[PDB]
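**Student:** Could you have a look at this structure, given as structure tokens, before my questions?
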Amino acid sequence: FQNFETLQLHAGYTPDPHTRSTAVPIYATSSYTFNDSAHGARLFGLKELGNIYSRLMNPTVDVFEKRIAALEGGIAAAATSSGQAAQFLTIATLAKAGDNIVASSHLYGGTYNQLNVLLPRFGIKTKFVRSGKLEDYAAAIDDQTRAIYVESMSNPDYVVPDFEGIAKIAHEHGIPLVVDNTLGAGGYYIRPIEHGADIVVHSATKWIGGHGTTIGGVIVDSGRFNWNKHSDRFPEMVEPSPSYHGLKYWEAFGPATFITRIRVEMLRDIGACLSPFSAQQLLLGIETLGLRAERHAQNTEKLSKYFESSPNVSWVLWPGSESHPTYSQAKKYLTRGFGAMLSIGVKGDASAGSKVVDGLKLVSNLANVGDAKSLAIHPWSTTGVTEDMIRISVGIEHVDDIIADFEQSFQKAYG
Amino acid sequence: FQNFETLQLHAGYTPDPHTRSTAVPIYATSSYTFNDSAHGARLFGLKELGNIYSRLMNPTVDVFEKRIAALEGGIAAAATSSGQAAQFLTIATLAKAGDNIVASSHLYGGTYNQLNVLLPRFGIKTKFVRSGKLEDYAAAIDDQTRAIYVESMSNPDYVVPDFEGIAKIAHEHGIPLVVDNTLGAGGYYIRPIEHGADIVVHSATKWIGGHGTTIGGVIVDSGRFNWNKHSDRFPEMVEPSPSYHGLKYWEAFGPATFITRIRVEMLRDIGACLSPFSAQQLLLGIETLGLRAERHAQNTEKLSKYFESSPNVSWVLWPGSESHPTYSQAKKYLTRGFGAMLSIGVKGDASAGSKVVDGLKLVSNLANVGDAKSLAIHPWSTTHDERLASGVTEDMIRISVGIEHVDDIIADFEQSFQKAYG
């Protein structure tokens, strides 16, 4: 099972011999009963792997974590209640007051809020790099830096970073590369770990879940970053831990040190855990992830062709276009479809964008991306942003109906 | 309504005219479709109230929030993914790097981890007060303190704080009193807002949910802390916000300032949100909260009497007992039953505690509390000297008394006693 299409259905689960349930049960339980007191000792002492408490782990969530880990080619994963929480728990494990991270400036608005407003209240500052130039990432790094953070394809301008060059800059300064791969659709479009990323985060809310039913995040550990080698920047990864009678994580867990700490420390103490109900919804999504991503990208390519030749369209941003500023990176790293998104500029005054979105009858006007239903938004008049710009999350409806919906909306706004 | 038993079925929900659904629907949606672009702008610009995105709000969760606020007598509440998250979001809203909080030392271990290990990494330190004395709370406060934090009833020793005296100290120092009222059962046993608490947090995982199916937390805002009067310690409550283009929270939201910031800043940026499936589980729990807490407390009282007359028991720790160190506070603040917990010391060597628990066949052996099923643990040999500071002893069994028939609970301990002592 190299194949994503098979992993998305089978990885991380085998029917338990008690029930032999073919589908993944929903373990709607807070707790798990000890076999005896000494069993509980070993569980709480981390002396034995087992279910302790659903704030930390849950057999349903475990399948979701293992399956996403398998699809990204990581060693293991930890689920969170949202993508924001996946980002926050990651940075809070890597950095502490006085530390900083180096981040692309091309960010999801919620992530910018985190990096620019929330984390500085905890003494964690971010140096933003706008240029994408390796030299600029390198120059931003100082002795207090704890990560380079980039999105695998930014939103709504679809900048694809030089994963390999940036990973090397990070590794050569002793810090991990963290990649928000939400727009890589769970490893279908982009696999950052294959290109040097140490940690991958996702908003499972989007393409991973695929049906807009469920908020969720996930942190995937590549297992590839040597915390011992870089204990000068990450002493909590190796030094005796205040929370587990001096447990030394690296000594105990090796390549899983980071993701184990996420679970036994950060899930335990911040508590941004994922419901097993949410997990099951996401698993149903993941079972078709490859098929959906495949059709999403195919529809997106055709929609970009439609918008190129529309007399009402000023411009098109699509990472597959040769004119796109970071096309050589998209070409290099997106070999299974150029994602599910495009952005367009419409002709006319400032109200044109909103008229075109408001006139859509199939495409929905809302915040989300990565739903099976097509979504659009006029981001400046509502929520790389320009007032002619419409951002479009292309769904898996029949392409002719998506196109027709924009056609009738254009006819109404432009006669 | 005034009555807890009616509120827990009705507060915060009216059937929508579309479906007229009598029970609360599960809004298994991440998103909510705009009426138009201008509508989307007003929602995102906080110029209009309405559903935007389930990381921040959700009509199922909204019922859960409003119902818990009504039960506690707060103005509003915000749900979180867990009890820990409720505590964490609360402290992170009150304090930032270089600030501190003063807390009782009688703390849930996960809370102690937050205050002693996790938050200090973010420059947020805690001064612990062990004595319960008002003067020690007062002396621990300094100009960087941002809250006093206590549990309404600690565990496993069931210390009840002097809510009113502590709230007075806090309010004189210009800081809120934050109370973890998990062991007050949703406001059935203990009602800290009635006694000066400004912010109440819960592990809804426990008695609120009541069935051990669901992790969840909730933050309840009393609405009673005047952030403007105390803006010298809380400038972010009154000053123009960087998050929302200079939005001044107190000016816009007044008494809802804290809980509004929890939602529009902390749920939004930390993302520890509660699933609608979880909120629905919790709502089924809440619909019987009064009935369960009542039986819990009645069983717990009867079990205290059974244990205090058992030859096998060295001692009983129960907040309803006049010999309890903080009984005067328990008598004042717990008038609807003295809780659902107790602790006992068993006679014999150090293995007697783990043998009595291991020998239980009805009561379950696990670390959770606040299930309808009875639970017991020997914390010394399991979750936990450093143990002694925590209030844990070799001989202590901690019991979360369920709502089973108390005769069956007693029979279960009796046959385990017979097996451990002959």
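Just so we're on the same page: first chain in the structure tokens is A, next is B, and so on; residues restart at 1 for each chain, and ligands are numbered from 1 in the order they show up.
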Go through range 187-236 of chain B and collect every residue that DSSP, computed from the backbone, puts in strand (DSSP E or B); the answer should be as a PyMOL selection string.
**Tutor:** chain B and resi 199-203+217-221
**Student:** Go through chain B and flag each residue having an atom no more than 7 Å from chain A; for those, report the closest pair of atoms plus their distance in Å to one decimal, using only C-alpha atoms, ordered by chain and rising number, as a tab-separated table.
**Tutor:**
residue	atom	partner	partner_atom	distance
B:28	CA	A:213	CA	4.9
B:29	CA	A:213	CA	3.9
B:30	CA	A:213	CA	5.2
B:31	CA	A:368	CA	6.5
B:32	CA	A:366	CA	6.7
B:33	CA	A:366	CA	5.1
B:34	CA	A:366	CA	5.5
B:36	CA	A:358	CA	5.5
B:37	CA	A:354	CA	5.9
B:38	CA	A:382	CA	6.5
B:40	CA	A:382	CA	5.3
B:41	CA	A:382	CA	3.6
B:44	CA	A:383	CA	5.6
B:54	CA	A:215	CA	6.8
B:55	CA	A:215	CA	6.5
B:81	CA	A:272	CA	5.6
B:82	CA	A:271	CA	5.6
B:84	CA	A:271	CA	5.2
B:85	CA	A:271	CA	4.8
B:88	CA	A:270	CA	6.2
B:96	CA	A:121	CA	5.0
B:97	CA	A:122	CA	5.1
B:110	CA	A:269	CA	6.1
B:113	CA	A:269	CA	6.7
B:114	CA	A:269	CA	5.8
B:121	CA	A:96	CA	5.3
B:122	CA	A:122	CA	4.4
B:123	CA	A:97	CA	5.9
B:212	CA	A:30	CA	5.2
B:213	CA	A:29	CA	3.9
B:214	CA	A:30	CA	5.2
B:215	CA	A:30	CA	5.8
B:269	CA	A:114	CA	5.6
B:270	CA	A:85	CA	5.3
B:271	CA	A:85	CA	4.8
B:272	CA	A:272	CA	4.5
B:273	CA	A:81	CA	6.1
B:275	CA	A:275	CA	6.7
B:277	CA	A:277	CA	6.4
B:278	CA	A:275	CA	7.0
B:354	CA	A:37	CA	5.9
B:358	CA	A:36	CA	5.4
B:364	CA	A:33	CA	6.6
B:365	CA	A:34	CA	5.6
B:366	CA	A:33	CA	5.2
B:368	CA	A:31	CA	6.6
B:381	CA	A:41	CA	6.1
B:382	CA	A:41	CA	3.9
B:383	CA	A:44	CA	5.8
**Student:** With DSSP run on the backbone, what are the alpha helix (DSSP H) residues within range 21-209 of chain A? I'd like them as JSON, numbers by chain.
**Tutor:** {"A": [37, 38, 39, 40, 41, 42, 43, 44, 59, 60, 61, 62, 63, 64, 65, 66, 67, 68, 69, 70, 71, 72, 83, 84, 85, 86, 87, 88, 89, 90, 91, 92, 93, 94, 109, 110, 111, 112, 113, 134, 135, 136, 137, 138, 139, 140, 163, 164, 165, 166, 167, 168, 169, 170, 171, 172]}
**Student:** Might you pull out every residue within 10 Å of residue 134 in chain A, with only C-alpha atoms counted and same-chain residues fewer than 6 positions away left off, and present them as a VMD selection string?
**Tutor:** chain A and resid 161 to 162 165 to 169
**Student:** Please provide the set of residues having any atom within 8 Å of residue 369 in chain B, restricted to only C-alpha atoms, with same-chain residues fewer than 5 positions apart removed, written as a list in words.
**Tutor:** residues 206, 207, 375 and 400 of chain B
**Student:** Using only C-alpha atoms, determine which residues lie at most 12 Å from residue 347 in chain A, disregarding the query and same-chain residues fewer than 2 positions distant; provide the list as a list in words.
**Tutor:**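 That gives residues 307, 310, 311, 312, 313, 314, 315, 316, 344, 345, 349, 350, 351, 352, 353, 354, 355, 356, 387, 388, 389, 390, 410, 413 and 414 of chain A.
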**Student:** Save the residues we just selected, N, CA and C atoms, as a CSV table (one decimal), in the first residue's frame?
**Tutor:**
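Produced file selection.csv, reproduced below:
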chain,number,residue,atom,x,y,z
A,307,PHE,N,-12.3,31.0,-17.2
A,307,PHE,CA,-12.2,32.3,-16.7
A,307,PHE,C,-11.1,33.1,-17.6
A,310,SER,N,-12.9,34.6,-20.5
A,310,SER,CA,-14.2,35.4,-20.2
A,310,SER,C,-13.9,36.9,-20.4
A,311,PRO,N,-14.8,37.6,-21.2
A,311,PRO,CA,-14.6,39.0,-21.4
A,311,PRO,C,-14.8,39.8,-20.1
A,312,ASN,N,-15.3,39.2,-19.0
A,312,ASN,CA,-15.6,39.9,-17.8
A,312,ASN,C,-14.4,39.7,-16.8
A,313,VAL,N,-13.5,38.9,-17.1
A,313,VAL,CA,-12.4,38.5,-16.1
A,313,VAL,C,-11.2,39.3,-16.5
A,314,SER,N,-10.7,40.1,-15.5
A,314,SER,CA,-9.5,40.9,-15.7
A,314,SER,C,-8.2,40.0,-15.6
A,315,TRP,N,-8.2,39.1,-14.6
A,315,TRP,CA,-7.0,38.2,-14.4
A,315,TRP,C,-7.5,36.9,-13.7
A,316,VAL,N,-6.5,36.0,-13.7
A,316,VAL,CA,-6.7,34.7,-13.1
A,316,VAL,C,-5.5,34.3,-12.3
A,344,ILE,N,-9.8,35.2,-9.1
A,344,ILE,CA,-10.0,36.0,-10.3
A,344,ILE,C,-10.2,37.4,-10.0
A,345,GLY,N,-9.9,38.3,-10.9
A,345,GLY,CA,-10.3,39.7,-10.9
A,345,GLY,C,-11.3,39.9,-11.9
A,349,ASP,N,-16.2,48.4,-11.7
A,349,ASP,CA,-15.9,49.2,-10.5
A,349,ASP,C,-15.9,48.2,-9.2
A,350,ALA,N,-15.7,48.8,-8.1
A,350,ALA,CA,-15.4,48.1,-6.9
A,350,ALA,C,-16.6,47.1,-6.5
A,351,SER,N,-17.8,47.5,-7.0
A,351,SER,CA,-19.0,46.6,-6.7
A,351,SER,C,-19.1,45.4,-7.6
A,352,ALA,N,-18.3,45.3,-8.6
A,352,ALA,CA,-18.4,44.2,-9.6
A,352,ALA,C,-18.2,42.8,-8.9
A,353,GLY,N,-17.1,42.7,-8.1
A,353,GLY,CA,-16.9,41.4,-7.5
A,353,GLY,C,-18.0,40.9,-6.7
A,354,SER,N,-18.6,41.8,-5.9
A,354,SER,CA,-19.7,41.4,-5.0
A,354,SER,C,-21.0,41.1,-5.8
A,355,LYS,N,-21.2,41.8,-6.9
A,355,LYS,CA,-22.4,41.5,-7.7
A,355,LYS,C,-22.2,40.1,-8.3
A,356,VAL,N,-21.0,39.7,-8.8
A,356,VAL,CA,-20.8,38.4,-9.4
A,356,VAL,C,-21.0,37.3,-8.3
A,387,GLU,N,-9.9,44.4,-4.5
A,387,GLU,CA,-11.4,44.6,-4.5
A,387,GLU,C,-12.0,44.2,-5.9
A,388,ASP,N,-11.2,43.8,-6.9
A,388,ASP,CA,-11.8,43.1,-8.0
A,388,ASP,C,-11.7,41.6,-7.8
A,389,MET,N,-11.1,41.1,-6.7
A,389,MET,CA,-10.7,39.7,-6.6
A,389,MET,C,-11.9,38.9,-6.0
A,390,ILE,N,-12.2,37.8,-6.7
A,390,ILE,CA,-13.0,36.7,-6.1
A,390,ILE,C,-12.1,35.5,-5.9
A,410,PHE,N,-22.6,36.5,-14.5
A,410,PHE,CA,-21.9,37.5,-15.4
A,410,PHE,C,-23.0,38.2,-16.2
A,413,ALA,N,-24.7,40.8,-14.0
A,413,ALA,CA,-23.9,42.0,-13.6
A,413,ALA,C,-23.4,42.8,-14.7
A,414,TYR,N,-23.3,42.3,-15.9
A,414,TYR,CA,-22.7,42.9,-17.1
A,414,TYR,C,-23.6,43.0,-18.3
**Student:** Just the residues within 8 Å of residue 101 in chain B, please, counting only C-alpha atoms, with nothing from its chain fewer than 5 positions along; format it as a list in words.
**Tutor:**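 The contact residues come out as residues 95, 124, 125, 126, 127, 141, 145, 146, 147, 148 and 149 of chain B.
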**Student:** Name all residues at most 12 Å from residue 397 in chain A (count only C-alpha atoms; drop same-chain ones fewer than 4 positions away) and give them as a list in words.
**Tutor:**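 Close residues of residue 397 in chain A: residues 292, 295, 296, 297, 298, 299, 300, 303, 362, 363, 371, 372, 373, 374, 375, 393, 401, 402, 403, 404 and 405 of chain A.
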**Student:** Which residue is closest to residue 8 in chain A? Choose from A:163, A:149, A:137, A:188 and count only C-alpha atoms.
**Tutor:** A:188
